[PDB]
Amino acid sequence: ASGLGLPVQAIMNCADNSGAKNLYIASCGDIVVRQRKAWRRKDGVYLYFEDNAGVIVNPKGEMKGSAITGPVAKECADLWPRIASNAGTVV
Amino acid sequence: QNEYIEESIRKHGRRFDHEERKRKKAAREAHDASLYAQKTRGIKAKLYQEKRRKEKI
Amino acid sequence: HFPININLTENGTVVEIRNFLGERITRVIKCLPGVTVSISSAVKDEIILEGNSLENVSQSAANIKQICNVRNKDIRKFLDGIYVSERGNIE
Amino acid sequence: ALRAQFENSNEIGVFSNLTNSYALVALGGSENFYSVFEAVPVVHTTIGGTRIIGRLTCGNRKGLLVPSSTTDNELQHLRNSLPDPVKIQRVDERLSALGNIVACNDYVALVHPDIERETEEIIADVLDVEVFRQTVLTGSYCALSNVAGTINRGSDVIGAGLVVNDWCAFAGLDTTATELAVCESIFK
Amino acid sequence: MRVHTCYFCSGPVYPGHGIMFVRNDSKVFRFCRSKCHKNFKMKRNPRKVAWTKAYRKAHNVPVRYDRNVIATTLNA
Amino acid sequence: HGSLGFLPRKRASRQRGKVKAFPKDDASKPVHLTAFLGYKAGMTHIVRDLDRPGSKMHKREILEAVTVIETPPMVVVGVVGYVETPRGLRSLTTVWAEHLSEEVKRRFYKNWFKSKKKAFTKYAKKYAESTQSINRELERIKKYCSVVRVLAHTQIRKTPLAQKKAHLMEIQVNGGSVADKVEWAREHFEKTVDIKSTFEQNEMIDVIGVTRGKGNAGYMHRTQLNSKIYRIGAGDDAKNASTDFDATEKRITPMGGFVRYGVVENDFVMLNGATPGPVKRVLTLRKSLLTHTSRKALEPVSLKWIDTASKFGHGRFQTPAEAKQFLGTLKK
RNA sequence: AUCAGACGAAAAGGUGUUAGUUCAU
RNA sequence: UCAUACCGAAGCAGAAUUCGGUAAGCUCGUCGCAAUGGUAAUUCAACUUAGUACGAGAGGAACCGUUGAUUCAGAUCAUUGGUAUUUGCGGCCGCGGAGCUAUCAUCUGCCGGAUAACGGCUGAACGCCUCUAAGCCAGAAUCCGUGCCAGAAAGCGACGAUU
RNA sequence: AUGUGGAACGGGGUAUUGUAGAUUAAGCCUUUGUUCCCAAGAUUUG
């Protein structure tokens, strides 16, 4: 990382520049920009979407896509510096 | 440990019954040692016999 | 550090130990028949068990001591526990 | 900004949209951290599976304009839980991080630069503030309080790291103490 | 509990059934049937197919929850 | 073939499920029934909020792909007394009914029409002529017994099946005393039993049944485990498929009947997983041998919306009634 | 004997016995 | 017997764990009983627990729930993607309902004791002590039970009709 | 092996492909519809 709620290999929409309608994976900000399952934040919060919407991001923080649809997660943006460049607004 | 163990012993200490049990276990250790000498098997039996012979001599 | 809470049920037949070094699981020990366990008010955190069977009382004390056993902890450093203090004839 | 329990993550501000009268809370996570997030209507609802109100609700004491991407039914339940003066508006914008991209404080609504003027006005209308499109994580990077201190252990996301109420603020457990004091000075 | 409308077939979209697609422009498309999804994939014009209701025809504020409001909603 | 227990895998002879191990009973437990014969009405995905404290779907709407079982009422026309012996558990005597239905009489026979309908006729005479002999049999059962079961049979005519031999199988009358077991059996004699009374929609059910043969995979009697009930809908109930959230009236049967099964007009139950066997196959629903204490059984079930779309083909509407006004006026 | 017996690691060890002997008190 | 299940020992601060073993888990019927076998799962985790006992603190306790990742087996085609003799249909194609199939889908999947190692309590020999010689024990993915799978073609019982 | 008798079609429903039509259960449902046959034909059985 440059700074998994849903089932494994779930159909996750690549919100990043990959733009895949449903890419195999998931939790929002976990990479995975969004997911059907709620991402239980350590601060007691959740983060999810209607279905799995995990963007493409490498484990080292170098996200494959730099066009994250909507605002990327702030935890994801902090964990993945390219995800921060993918979407200026960090959720 | 060390300084911490000494400070704990001075402040709290240790169970006195454990020391009495340890002395009781020491007598059991001699009985266990005789049982162990009669329970060692295979290569351990030869090693135990060699250790016992060396200790006796 | 963490005080141990002792609860008596069925006229001392069942003894429940809670908050043992921060443990969140309560340990329940059932005394042998013919032995009654009560908390003496003369000495704080003192439990007195009286019965007609010496073997049953000794077995109950051993079970209580075995229940309150420190696991994966230093005996010299962590001295918290429950042990038999004194034993003798009631009369 | 008062440090609140947030476990490992220092972004308690993103989790809970603290406010004087619409202090939206965090749900579906750590019970102790969620209680600290609640501590001022505690809107602890996982709207659309997202309970990070401070990262998805652009507003303040007068009301929080949660993004329309979140579930309306859960938002309606959150609106019912929230006080009547607090209006839970729907932010139908591309930037789904209403709370994190828009620092819609009660006095001034620091909306996202990518958010349109109508979306900026929607956040401003909910919080009864003036719309101001600014960077595009204005809510995350800047505390929405009615000093640019790097909250969340020096992270550039100050508002996401430390929640800011209309008349107070709430930092995270691992948020920078100096930044939290700076946020307190900014929020008076 | 809201029933979505099909993007291609212009019909109700029940949960589970149908196919939901997300576009790169934050556009959500729902198909009532697999044929509608295939037609949408094939770039079929909704007005060019008489099966869809769109061709046949052309040829948000929340409120406080209350018992009376629920009764009014039930009547509507 | 990894599981050595099933090997050698051979097809089960009896299509009907066999309750090899009944749950343990006690006198404190009220007299009641565990196993209930049923049929695979079908299966349908239905949405439901997942109420489970500590879960990551806690109070979250999740679609539940589940299975619905046709469970017509249960008529009992016989009782068996099992006496424990050093060699094993032996049946002391069997007391069938004075009046047997045509369906259960069809079960005793291979054909109904060729025979002269002589099944249990002279027995029906001695039962009516001498009720005291039956009283002695019941008296013999009460004094010498530990296990009491009932010979209950299905009503095929209520079901939409070509089956006409009533499927019959022993069901232990769990609870109470042997005399109390017999008393309940005698009063419920020649009476139907509804599965809604047996299962409280929250109790623990391990469905057993025989699966579907494949051209020895198939016709295997396998006992499913951890399949909780969510709704025992009644056949006369038109609101069974319409819960509180989806108040729009609908029947569990998809329009045009279930897929390869037919229409449901009788009591049905609701459970998850997949049951051994395809649609319209005999299934047995019994109480769990072990008291499953996992939160999956403990959690209350508040079903959100039943689907009834045309699963056959591609059904875009769950009920015709709404689709009539939703879609334009038909040319007809 | 919790490997008897019955028909080489085998030397020995034994809180293992059986009979015990001898010597100390 | 690498890990793991079990514990014991070791500073093993806790985490991280190591080693030691234990441990091969990895007449015609109708309806029933179960002698005998195979085998209940199987491999491991994380969060909660507690973000704390320990620990200067940080990192991280037993137990609880949750998320699981599996293997294999059990299912079913509802969700799911196709295959598809509706080879059905519209223009050789464009595909395909049903049916079936899936680490291609959705899923479901054990038990209580005996004890092993292991440490005991009590109690002789050895007026005491003494896991032990009498006894009472604690303690295992092991074993046995248990559950499941069959059913003694040459097992059995109850019940029906009976040329 | 004389009646929800079944078996067949005539179908309806039905979705498919598909631009509404045809197949229309074939392992989709179902029939107040129709006819056919049959209160069987032999064998086995104390």
# chains A, B, ... in the order shown; residues from 1 in each chain; ligands from 1
>>> interface_residues(of="chain A", to="chain F", cutoff="12 Å", atoms="only C-alpha atoms", output="PyMOL selection string")
chain A and resi 4-6+27+36-41+44-51
>>> interface_residues(of="chain H", to="chain F", cutoff="10 Å", atoms="only C-alpha atoms (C1' of nucleotides)", output="VMD selection string")
chain H and resid 29 to 35 38 to 41 48 65 to 67 71 to 79 97 to 100 106 to 111 147 to 150 156 to 161
>>> residues_around(residues="region 65-79 of chain C", least_positions_apart="4", cutoff="7 Å", atoms="only C-alpha atoms (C1' of nucleotides)", output="VMD selection string")
(chain B and resid 5 14) or (chain C and resid 61 83)
>>> write_last_selection(atoms="N, CA and C atoms", output="CSV table (one decimal), in the first residue's frame")
chain,number,residue,atom,x,y,z
B,5,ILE,N,11.3,-8.7,38.9
B,5,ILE,CA,11.0,-9.9,39.7
B,5,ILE,C,11.3,-9.6,41.2
B,14,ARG,N,5.3,-14.3,46.6
B,14,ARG,CA,4.9,-15.5,45.9
B,14,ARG,C,4.1,-16.4,46.9
C,61,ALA,N,-11.7,-28.0,46.4
C,61,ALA,CA,-10.6,-27.0,46.5
C,61,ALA,C,-9.7,-27.1,45.3
C,83,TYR,N,-6.0,-20.0,45.7
C,83,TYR,CA,-5.3,-21.2,46.3
C,83,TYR,C,-5.9,-21.4,47.7
>>> select_by_dssp(residues="chain A", states="strand (DSSP E)", output="PyMOL selection string")
chain A and resi 11-12+23-24
>>> write_last_selection(atoms="C-alpha atoms", output="CSV table (one decimal), in the first residue's frame")
chain,number,residue,atom,x,y,z
A,11,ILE,CA,-18.5,-9.1,-9.7
A,12,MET,CA,-17.1,-5.7,-8.8
A,23,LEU,CA,-14.6,-7.3,-12.5
A,24,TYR,CA,-13.7,-10.2,-10.2
>>> residues_around(residues="residue 129 (chain D)", least_positions_apart="5", cutoff="8 Å", atoms="only C-alpha atoms (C1' of nucleotides)", output="PyMOL selection string")
chain D and resi 104-109+124
>>> residues_around(residues="region 50-52 of chain B", least_positions_apart="5", cutoff="10 Å", atoms="only C-alpha atoms (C1' of nucleotides)", output="list in words")
residues 37, 44, 45 and 57 of chain B; 13 of chain G
>>> atom_distance(atom1="CA of residue 38 (chain E)", atom2="CA of residue 6 (chain E)")
12.9 Å
>>> select_by_dssp(residues="chain E", states="helix (DSSP H, G or I)", output="JSON, numbers by chain")
{"E": [34, 35, 36, 37, 38, 39, 40, 41, 46, 47, 48, 53, 54, 55, 56, 57, 67, 68, 69, 70, 71, 72, 73, 74, 75]}
>>> write_last_selection(atoms="N, CA and C atoms", output="PDB file, in the first residue's frame")
ATOM      1  N   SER E  34     -33.658 -10.821 -20.169  1.00  0.00           N
ATOM      2  CA  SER E  34     -32.380 -11.030 -20.842  1.00  0.00           C
ATOM      3  C   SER E  34     -32.422 -10.544 -22.285  1.00  0.00           C
ATOM      4  N   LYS E  35     -33.579 -10.656 -22.941  1.00  0.00           N
ATOM      5  CA  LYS E  35     -33.714 -10.133 -24.297  1.00  0.00           C
ATOM      6  C   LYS E  35     -33.534  -8.620 -24.323  1.00  0.00           C
ATOM      7  N   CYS E  36     -34.089  -7.922 -23.329  1.00  0.00           N
ATOM      8  CA  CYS E  36     -33.903  -6.477 -23.246  1.00  0.00           C
ATOM      9  C   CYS E  36     -32.439  -6.122 -23.019  1.00  0.00           C
ATOM     10  N   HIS E  37     -31.749  -6.884 -22.166  1.00  0.00           N
ATOM     11  CA  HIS E  37     -30.326  -6.647 -21.946  1.00  0.00           C
ATOM     12  C   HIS E  37     -29.524  -6.900 -23.216  1.00  0.00           C
ATOM     13  N   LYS E  38     -29.861  -7.964 -23.951  1.00  0.00           N
ATOM     14  CA  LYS E  38     -29.187  -8.234 -25.216  1.00  0.00           C
ATOM     15  C   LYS E  38     -29.462  -7.132 -26.232  1.00  0.00           C
ATOM     16  N   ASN E  39     -30.704  -6.643 -26.282  1.00  0.00           N
ATOM     17  CA  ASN E  39     -31.031  -5.540 -27.179  1.00  0.00           C
ATOM     18  C   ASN E  39     -30.266  -4.278 -26.802  1.00  0.00           C
ATOM     19  N   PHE E  40     -30.154  -3.997 -25.501  1.00  0.00           N
ATOM     20  CA  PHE E  40     -29.384  -2.839 -25.057  1.00  0.00           C
ATOM     21  C   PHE E  40     -27.910  -2.991 -25.414  1.00  0.00           C
ATOM     22  N   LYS E  41     -27.370  -4.204 -25.275  1.00  0.00           N
ATOM     23  CA  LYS E  41     -25.985  -4.447 -25.664  1.00  0.00           C
ATOM     24  C   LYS E  41     -25.795  -4.266 -27.165  1.00  0.00           C
ATOM     25  N   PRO E  46     -34.659   1.928 -28.414  1.00  0.00           N
ATOM     26  CA  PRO E  46     -35.915   1.587 -27.727  1.00  0.00           C
ATOM     27  C   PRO E  46     -37.157   1.981 -28.507  1.00  0.00           C
ATOM     28  N   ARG E  47     -37.103   3.078 -29.263  1.00  0.00           N
ATOM     29  CA  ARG E  47     -38.246   3.499 -30.062  1.00  0.00           C
ATOM     30  C   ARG E  47     -38.416   2.671 -31.329  1.00  0.00           C
ATOM     31  N   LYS E  48     -37.387   1.932 -31.740  1.00  0.00           N
ATOM     32  CA  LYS E  48     -37.448   1.125 -32.951  1.00  0.00           C
ATOM     33  C   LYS E  48     -38.060  -0.251 -32.728  1.00  0.00           C
ATOM     34  N   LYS E  53     -42.386  -0.339 -24.090  1.00  0.00           N
ATOM     35  CA  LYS E  53     -43.489   0.588 -23.866  1.00  0.00           C
ATOM     36  C   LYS E  53     -43.170   1.999 -24.343  1.00  0.00           C
ATOM     37  N   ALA E  54     -41.887   2.359 -24.434  1.00  0.00           N
ATOM     38  CA  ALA E  54     -41.525   3.695 -24.894  1.00  0.00           C
ATOM     39  C   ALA E  54     -41.943   3.916 -26.343  1.00  0.00           C
ATOM     40  N   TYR E  55     -41.722   2.919 -27.202  1.00  0.00           N
ATOM     41  CA  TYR E  55     -42.112   3.050 -28.602  1.00  0.00           C
ATOM     42  C   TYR E  55     -43.627   3.065 -28.757  1.00  0.00           C
ATOM     43  N   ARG E  56     -44.332   2.243 -27.975  1.00  0.00           N
ATOM     44  CA  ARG E  56     -45.788   2.195 -28.072  1.00  0.00           C
ATOM     45  C   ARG E  56     -46.415   3.524 -27.673  1.00  0.00           C
ATOM     46  N   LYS E  57     -45.913   4.140 -26.599  1.00  0.00           N
ATOM     47  CA  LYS E  57     -46.435   5.436 -26.179  1.00  0.00           C
ATOM     48  C   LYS E  57     -46.157   6.511 -27.222  1.00  0.00           C
ATOM     49  N   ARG E  67     -48.483   8.034  11.515  1.00  0.00           N
ATOM     50  CA  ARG E  67     -49.534   7.072  11.199  1.00  0.00           C
ATOM     51  C   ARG E  67     -50.451   7.598  10.102  1.00  0.00           C
ATOM     52  N   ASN E  68     -50.819   8.880  10.175  1.00  0.00           N
ATOM     53  CA  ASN E  68     -51.654   9.471   9.135  1.00  0.00           C
ATOM     54  C   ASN E  68     -50.926   9.514   7.797  1.00  0.00           C
ATOM     55  N   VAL E  69     -49.626   9.818   7.817  1.00  0.00           N
ATOM     56  CA  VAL E  69     -48.842   9.829   6.586  1.00  0.00           C
ATOM     57  C   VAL E  69     -48.792   8.435   5.976  1.00  0.00           C
ATOM     58  N   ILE E  70     -48.602   7.412   6.812  1.00  0.00           N
ATOM     59  CA  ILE E  70     -48.615   6.036   6.322  1.00  0.00           C
ATOM     60  C   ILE E  70     -49.984   5.686   5.756  1.00  0.00           C
ATOM     61  N   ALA E  71     -51.051   6.110   6.439  1.00  0.00           N
ATOM     62  CA  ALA E  71     -52.397   5.882   5.926  1.00  0.00           C
ATOM     63  C   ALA E  71     -52.612   6.608   4.604  1.00  0.00           C
ATOM     64  N   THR E  72     -52.118   7.844   4.498  1.00  0.00           N
ATOM     65  CA  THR E  72     -52.214   8.575   3.238  1.00  0.00           C
ATOM     66  C   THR E  72     -51.423   7.878   2.138  1.00  0.00           C
ATOM     67  N   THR E  73     -50.229   7.379   2.466  1.00  0.00           N
ATOM     68  CA  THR E  73     -49.439   6.638   1.487  1.00  0.00           C
ATOM     69  C   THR E  73     -50.148   5.358   1.063  1.00  0.00           C
ATOM     70  N   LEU E  74     -50.771   4.660   2.018  1.00  0.00           N
ATOM     71  CA  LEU E  74     -51.508   3.445   1.687  1.00  0.00           C
ATOM     72  C   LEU E  74     -52.685   3.745   0.767  1.00  0.00           C
ATOM     73  N   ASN E  75     -53.395   4.847   1.022  1.00  0.00           N
ATOM     74  CA  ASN E  75     -54.509   5.226   0.160  1.00  0.00           C
ATOM     75  C   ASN E  75     -54.033   5.540  -1.253  1.00  0.00           C
TER      76      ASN E  75
END
>>> closest_residue(among="H:128, H:47, H:117, H:153", to="chain D", atoms="only C-alpha atoms (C1' of nucleotides)")
H:47
